[PDB]
Structures are given as C-alpha cells and as structure tokens.
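Down below is the structure, laid out as structure tokens.
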Amino acid sequence: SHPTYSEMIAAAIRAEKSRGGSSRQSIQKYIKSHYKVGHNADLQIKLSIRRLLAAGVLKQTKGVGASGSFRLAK
C-alpha cells in the first residue's frame, strides 16, 4: 500500500524547498523513491495533478521554458 496519489503528491510538495514550487519531475522522483508504487505511477501522478489543479488544491506557475511548477493552495 501507499496513500492515495493525491496524498503522496502533497507529501512530495511539502518536502520541497523553493521560490517556485515542485516540478512534475521532482514529484515523480520523490514518490518513486519513498513509497511502494507500480509501473503506472507516471500516468497516475499526472492524472492526480490534473485533478488537484482543477479541484483548487494545487496551484501552478508557468514561465517561458519553465516547464510547470506546483505548490499546495494553502
């Protein structure tokens, strides 16, 4: 087991230190090195971020070249 993808993505963002937020890359490398996830985790981490951004719980920032960064809305 592991918690829900959303709960693993909030643990992954709470551990980041930055004047931006976490990248989808940062969040897949944290979750894969700390929980017992399977081979479809890539897919599952993108799907929950798409959902968590729509529900209002993640916020995002985009720049030029800046591929996408995620912070917890409060």
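By convention in this document, the chains of the structure tokens carry letters A, B, ... by their order, each chain's residues are numbered from 1, and ligands are numbered from 1 in the order they are shown.
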Find the residues near residue 8 (chain A): any atom within 9 Å, counting only C-alpha atoms, skip ones fewer than 3 places away on the same chain, and give them as a ChimeraX atom specification. /A:2-5,11-13,27,30-31,35,45
Can you list, as a list in words, all residues belonging to chain A that DSSP tags as strand (DSSP E)?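 Residues of chain A classed as strand (DSSP E): residues 22, 23, 58, 59, 60, 61, 69, 70, 71 and 72 of chain A.
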Atoms to include: C-alpha atoms. Write the selected residues as a PDB file, in the first residue's frame.
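The new file selection.pdb reads:
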```
ATOM      1  CA  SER A  22       7.857  21.380  -7.305  1.00  0.00           C
ATOM      2  CA  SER A  23       8.099  20.256 -10.970  1.00  0.00           C
ATOM      3  CA  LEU A  58      -2.630  22.668  -6.084  1.00  0.00           C
ATOM      4  CA  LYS A  59      -1.775  25.998  -7.611  1.00  0.00           C
ATOM      5  CA  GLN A  60       0.675  26.353 -10.608  1.00  0.00           C
ATOM      6  CA  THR A  61       3.150  28.740 -12.125  1.00  0.00           C
ATOM      7  CA  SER A  69       5.734  24.254 -11.036  1.00  0.00           C
ATOM      8  CA  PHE A  70       3.230  23.118  -8.293  1.00  0.00           C
ATOM      9  CA  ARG A  71       2.537  24.477  -4.798  1.00  0.00           C
ATOM     10  CA  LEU A  72      -0.209  23.493  -2.345  1.00  0.00           C
TER      11      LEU A  72
END
```
For each of A:33, A:48, A:1, A:67, take the minimum atom-to-atom distance to residue 21 (chain A), counting only C-alpha atoms, then give the residue where this is smallest.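 Comparing A:33, A:48, A:1, A:67 against residue 21 (chain A), the winner is A:67.
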Please report the interatomic distance between CA of residue 7 (chain A) and CA of residue 65 (chain A) in Å with one decimal. 28.3 Å
Residue list (helix (DSSP H, G or I), DSSP) for chain A, as number ranges by chain: A: 5-14, 24-34, 41-54
Which value, in Å to one decimal, gives the distance between CA of residue 40 (chain A) and CA of residue 28 (chain A)?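 According to the coordinates, CA of residue 40 (chain A) and CA of residue 28 (chain A) are separated by 11.3 Å.
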Pick from A:29, A:36, A:41, A:56 nearest to residue 16 (chain A), counting only C-alpha atoms: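 Nearest candidate to residue 16 (chain A) out of A:29, A:36, A:41, A:56: A:29.
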